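Analysis of the macromolecular model
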There are 4 protein chains.
Amino acid sequence: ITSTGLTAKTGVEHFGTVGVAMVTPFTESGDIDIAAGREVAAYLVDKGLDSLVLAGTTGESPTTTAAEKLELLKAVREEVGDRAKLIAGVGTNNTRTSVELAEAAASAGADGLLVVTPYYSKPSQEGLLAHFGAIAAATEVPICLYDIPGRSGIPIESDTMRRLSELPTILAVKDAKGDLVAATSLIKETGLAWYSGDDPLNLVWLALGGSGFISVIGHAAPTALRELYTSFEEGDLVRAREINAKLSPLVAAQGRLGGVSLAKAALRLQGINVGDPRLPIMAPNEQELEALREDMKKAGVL
Amino acid sequence: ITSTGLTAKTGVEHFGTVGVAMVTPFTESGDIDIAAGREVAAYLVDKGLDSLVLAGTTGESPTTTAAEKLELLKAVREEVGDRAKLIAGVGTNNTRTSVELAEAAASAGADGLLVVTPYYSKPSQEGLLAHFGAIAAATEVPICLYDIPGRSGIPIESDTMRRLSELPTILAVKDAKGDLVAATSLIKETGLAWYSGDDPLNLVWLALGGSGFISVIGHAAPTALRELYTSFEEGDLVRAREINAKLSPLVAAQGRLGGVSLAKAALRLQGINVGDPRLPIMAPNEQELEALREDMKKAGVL
Amino acid sequence: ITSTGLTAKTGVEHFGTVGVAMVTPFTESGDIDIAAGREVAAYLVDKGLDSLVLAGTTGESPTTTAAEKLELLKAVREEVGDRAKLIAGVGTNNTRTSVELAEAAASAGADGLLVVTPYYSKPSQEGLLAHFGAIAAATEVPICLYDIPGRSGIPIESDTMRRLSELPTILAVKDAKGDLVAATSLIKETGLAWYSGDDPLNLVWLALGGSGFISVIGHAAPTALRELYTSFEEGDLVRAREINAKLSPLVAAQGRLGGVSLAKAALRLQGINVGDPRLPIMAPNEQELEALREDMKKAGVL
Amino acid sequence: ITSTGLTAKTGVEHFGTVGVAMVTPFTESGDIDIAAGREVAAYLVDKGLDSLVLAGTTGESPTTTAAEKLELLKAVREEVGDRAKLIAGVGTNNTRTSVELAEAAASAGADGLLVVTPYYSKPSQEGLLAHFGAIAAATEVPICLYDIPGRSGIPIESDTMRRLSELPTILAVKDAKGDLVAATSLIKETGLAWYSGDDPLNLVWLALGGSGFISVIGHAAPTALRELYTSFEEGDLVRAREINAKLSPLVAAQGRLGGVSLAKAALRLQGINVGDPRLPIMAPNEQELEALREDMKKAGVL
């Protein structure tokens, strides 16, 4: 019994197909709100998401402590562990702490690990092989590399990606680089599952052989994103591009506000208060919230 | 009687679906070779192309005279006019000469006009509206805007594109900019037919609602490109991405050699001598030709 | 008898020290205005400029014919030939026409030749050596390479620059690339005279060993530019940076309007009407002219 | 009694004139080596440096603990506190920890604070005002903003810089952005002391009104850097550009190796072992060390 759709199925047994880098809810005073975290996770999954990245960029990994992370992880697992892949962001720009975070996540029962390219310090590609190498050797949990030079300062070059694909636990890439020329070949060569790490390219990556997405706007239009995926899967391409174009306003808003502020502001607008972000990240002001409502109504999610 | 496929059909009655910016063959001494031009055009069309851009970038518009252009145009029209859309490159960075070239092409019976964004001088967007405006008013021939900041120095901004889509003869865009965020919305808003102006994004543009391509590597793999299109059209997406990935080496070669040198060198390697380019453009040296043969054999076209 | 100042004197006997890429005056109907051209040249030189580039970017080389160029050149030579170096822009993206333009300029008595990197077509560096090579072999007139990837699409790489510095007539570079790392070494290695091709870096280039400038804003503040040079030359650095900062508003305006529109609009505002530019280039509208007056008054030149 | 040189003296009473972002020495096993830290600081200052940034990028702030930082700071202060300005890097991409680090540094007796633009998360400019605002309100220690979009992902926009210059403790900018157009005006407007944060622009910034540098290559050529400064100060510009060009190879090496690896590898080569960097940063391999020796000998420092 097997029914092959049009979408590559590579690594979906570890990272799912349609998911989001979930926000980390905070109370009015900036404290982590575990209850709202479990609420949001169940909400999103019930909406169609089958994967959740906890402690990712959108999850505000820079302003949360290691304990807060582990806490959210264990809490969400108890909530939606039986029906969604839970991916833990454990990469930092310090190999030692990256290792610590990965071991803690493994013991917590994480289905996968998101390891961003070390940011700010700009290590050499040789440094990347040593960094990722150490992390992959610390646990048996599947790893999804996170390529995003726009935030980290350096990219994971093609040759480097090919070497890393040789490690037994490195099985996927969240791609926020958008180098379609290089990726088109790597997807075929490395055997790595490629996930869209940039909402405007969700449909684009599926067409090139992607396995799914790890979205931001998915917080505001989870059902739509699932539909984008299924549409492509079933060959209803016209439907896919209509949905993709439909959600454009959310992309524009993300561009003006940033993933964190947008995700938290959009959920609140839909009646799900998950607090505000921690400094230096900020919630949208009155004028920005007005522009956001506009985009959300145009996107058909408000 | 109508059978809707998955590909947008916008403007294909003027610019076709699968075509290439055809090379302008030169004899050993640098003179235009009309006979080889007609030979190549018939060859490409018989291979599956239903559109040809004459005097485009790949056609070496910078080193050919206005007379040589008109000549190739009239010659190709006599050869494949009854079965392919002929698009004439007429844009320059001088509004007066751009107008002159467009009128000459109209009288020659061109099915469409390719008008690149003025290069080098970097006019303002207001200047673009006046430039394109004058050209569109000079003839009744459908116009395809050519957006490629990488060669011209400036892009056709979104607002500017929306204004231009109001002119009755402006019906399409060759996109070599790759701003998927902006284009996803423009395609739906302006009603303009969008054509892939960058081979690695051919499949990507179809997924976003594109109408076809105006390729470079199409010179070396015309049948494959047609298949890429038909595959998408029929819903065979797996086939589409396999073909796309298959042709990657050609893209790499274009990246190392440039469209002109690659197109002319590749045809020669397949037994179709169309000469060398005119300075400052140069044919690949011995070492480069070796790397090219490699890519062509990997791409399955040699 | 010799009094060494702080400024490098390399190649100033061919290209001068303080000059501008002069505009090409047009009458109300777009025709070349030779009289105003001679008027402006005498005006600028009397103001302190000792060099003039005719038919450069700012001189609207894309919209003027070869005859109009030769005409302006011969006219200005008759006007200020006995007291200013006249540099002729002869580079195009066609090696044949570039050669034609250089020979015509040589016969006209040009003191130097400005040869921009071929634009739009993006030739390989090998193509550049062949292109510049052919031009340098056609006449005995000193050549100043014009490096500006921002307009042409490609840069003159360092290794390429080193090879070209070996040709006996290649003696200078107008630098509009701003790669201070590479240039700092090339200036010392190649022995080429380096000229600032970007007003905000005029003072910066002198500090790194430059020989002078080929300005745009110099049209509006010729005396000031001369003073910037002399100040540095005499060691009055405080004065130099005060003048440099003082002229900043002009740079901002050039950034909003482009060199051509700015140069022609600024002269008109100072009582010297040199017409408007030719399409696609456009004069500033009413609102832009207001902002320009503001910048000019702040710069102290209105 | 006052003798004005050519260099701006703004804020040098808090941040000095010639200094480096000092490395954080580690023993063979990766542990902090306080003794070598004090040795290097005394060495550099005796060589001519009058300022030292501790826990900066080059000081490997990403892989060292808060305690290790405070420790190095207190240790260096005891060593060279009576003759050099000690600047503490305290900025992170978490406002709370940035505040914690700044208070700890204040109590330690820091002469100034270096606060980098929050990296990776890409906050809005409004977020920057709130971030820097909170930090500046926590202590009375002079603050030097660190603008470097190349590492952080976002820049400190001009308007944002103008607002921040209003806070009483914000008195300087380490500039690693290189936007000479914007800075030329900000230096005059904001009254902020500008420091070169990129070695190839050290001389460039002095010419534009800079107050000094916070170098990387200064580890390998401290006396030369001091001479670069004094030369400019005394009006010996020819000497200044000869020194600047002379040190170019070090810049090239920094470009290939990165500041940390270069600084530590270069010191070792000069007989001062400060260990290797912590992962993901890596020391140069055998081949790289050979190329480095070459550059150092050419730079005249080996």
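Method of determination, as annotated in the archive: X-ray crystallography, at 2.200 Å resolution.

Every contact between the two is made by 23 residues of chain B and, on the other side, 24 residues of chain A. Around 1,800 Å² of area is buried between chain B and chain A when both sides are counted, 74% of it from carbon and sulfur atoms. Summed over the three residues of chain B that lose the most area to chain A, namely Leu 6, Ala 207 and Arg 241 of chain B, the buried surface amounts to 27% of that side. Along the contact surface separating chain B from chain A lie 0 salt bridges. At the surface where chain B touches chain A, the tally comes to 2 residue pairs in polar contact. Sorting the residues of the side of chain B that touches chain A by element identifies α8 (180–190), α9 (202–207), α11 (237–246) and α12 (248–257) of chain B as the ones contributing at least two each. For the side of chain B that touches chain A, the element with the highest residue contribution is α11 of chain B, accounting for 5 residues. In terms of residue class, the side of chain B that touches chain A is built from 16 nonpolar, 6 polar and 1 charged.

Let's shift gears to the side chain of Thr 117 of chain C. Residues and elements named next belong to chain C. Along the polypeptide, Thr 117 turns up in the loop between β4 (112–116) and α5 (125–138). Classification of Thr 117 by relative accessible area gives buried; the value is 0%. For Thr 117, the residues in contact, after removing those within four places along its chain, are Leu 128, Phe 132, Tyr 146, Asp 147, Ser 152, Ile 154 and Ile 156.

Now for the interface of chain D and chain A. Residue-level contacts link 27 residues of chain D with 27 residues of chain A. For the pair chain D and chain A, the two sides together bury roughly 2,400 Å², of which 63% comes from carbon and sulfur. When the area that chain D buries against chain A is broken down by residue, the three leading residues are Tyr 120, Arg 151 and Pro 280 of chain D, summing to 33%. Taken together, the connections running from chain D to chain A amount to 0 salt bridges. Applying the counting criterion to the chain D and chain A interface returns 10 residue pairs in polar contact. Mapped by element, the contributors of at least two residues to the side of chain D that touches chain A are α5 (125–138) and α6 (149–152) of chain D. The element best represented in the side of chain D that touches chain A is α5 of chain D, accounting for 4 residues. Residue composition of the side of chain D that touches chain A, grouped by class: 12 nonpolar, 12 polar and 3 charged.

Before going further, it helps to examine the environment of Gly 209 of chain B. Locating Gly 209 of chain B in the fold gives a position in the loop between α9 and β8 (212–215). C-alpha separation for the pair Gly 209 of chain B and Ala 176 of chain B, spaced 33 residues apart in sequence, amounts to 16 Å. Setting aside residues no more than four positions away along its own chain, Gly 209 of chain B makes contact with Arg 241 of chain A together with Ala 8 and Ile 187 of chain B.

Moving on to the UniProt feature "active site" (unreviewed entry) in chain A. UniProt feature "active site" (unreviewed entry): in the numbering of this structure it lies at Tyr 146 and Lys 174 of chain A. Spanning 29 residues, the named residues form one tight spatial group whose C-alpha atoms are at most 4.7 Å apart. By the secondary structure assignment, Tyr 146 of chain A is in strand β5 (residues 143–147). With sequence-adjacent residues up to four places away left out, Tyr 146 of chain A is seen in contact with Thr 57, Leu 114, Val 115, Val 116, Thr 117, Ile 156, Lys 174 and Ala 176 of chain A together with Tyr 120 of chain D. Relative to the assigned elements, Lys 174 of chain A resides in strand β6 (residues 170–175). With sequence-adjacent residues up to four places away left out, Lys 174 of chain A is seen in contact with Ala 21, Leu 114, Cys 144, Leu 145, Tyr 146, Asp 147, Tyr 195, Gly 197 and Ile 214 of chain A.

Throughout the structure, instances matching the rule amount to 56 salt bridges over all chains. The residue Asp 46 of chain C makes a salt bridge to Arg 83 of chain C at a minimum N-O spacing of 3.6 Å. Taken as a pair, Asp 46 of chain C in helix α2 (residues 34–46) and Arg 83 of chain C in the loop between α3 (66–80) and β3 (85–89) lie far apart in primary sequence, 37 residues in all. Taking the relative accessible area as the measure of exposure, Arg 83 of chain C reaches 41% and is therefore partly exposed. Between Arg 239 of chain D and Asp 236 of chain D there is a salt bridge, with the nearest N and O atoms lying 3.9 Å from each other. A relative accessible area of 35% places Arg 239 of chain D in the partly exposed class. Exposure remark for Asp 236 of chain D: the relative accessible area of 32% places this residue in the partly exposed category. Here the salt bridges do not stand alone but share partners, grouping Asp 159, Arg 162 and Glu 189 of chain A into one network.

Time to look at the environment of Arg 163 of chain B. All names here are of chain B. With respect to the secondary-structure elements, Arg 163 resides in helix α7 (residues 158–164). For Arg 163, a relative accessible area of 40% puts it in the partly exposed group. Linking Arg 163 and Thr 190, residues 27 residues apart in sequence, is a C-alpha distance of 8.8 Å.

All right, on to the nonpolar core then. In this structure, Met 22 and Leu 52 of chain C together with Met 22 and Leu 52 of chain D are the most contacted members of the largest nonpolar core, which totals 174 residues. If we skip the residues at most four places from it in the chain, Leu 52 of chain D touches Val 20, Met 22, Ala 41, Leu 44, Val 45, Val 76, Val 80, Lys 85, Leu 86 and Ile 87 of chain D. Ranked by size, the runner-up nonpolar core spans 172 residues in total, among them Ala 88 of chain A together with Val 45, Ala 84 and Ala 102 of chain B.

Our next topic: helix α5 (residues 125–138) of chain A. All names here are of chain A. The end-to-end C-alpha distance of α5 is 20 Å, a good match for the 20 Å that 14 residues give at a rise of 1.5 Å each. Burial in α5 covers these residues: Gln 125, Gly 127, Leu 128, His 131, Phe 132, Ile 135 and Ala 136. End-on view of α5: buried residues confined to an arc of 155°, all on one side of the axis. Elements that come into contact with the buried residues of α5 comprise α4 (95–107), β4 (112–116), β5, α7 (158–164) and β6.

Cut-offs used in this document
Residues numbered from 1 in each chain as written, not as in the entry; some residues may be left out. Chains lettered and ligands numbered in written order. Heavy atoms only, no water. Contact = heavy atoms within 4.5 Å. Buried area = accessible area lost by both parts, 1.4 Å probe. Salt bridge = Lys/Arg side-chain N within 4 Å of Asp/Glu carboxyl O. Polar contact = N/O pair within 3.5 Å; in protein donor to acceptor, adjacent residues only side chain to side chain. Helix = DSSP H or I, 4+ residues; strand = E, 2+ residues; numbered from the N terminus. Nonpolar A, V, L, I, M, F, W, Y, C, P; charged D, E, K, R; others polar. Buried < 20%, exposed > 50% of the residue type's maximum accessible area, 1.4 Å probe, protein only. UniProt positions renumbered as here; feature names shortened; annotations may be inferred. Core = buried A, V, L, I, M, F, W, Y, C linked by side-chain atoms within 4.5 Å. Expected span 1.5 Å × (residues − 1). Arc of directions from axis to C-beta.

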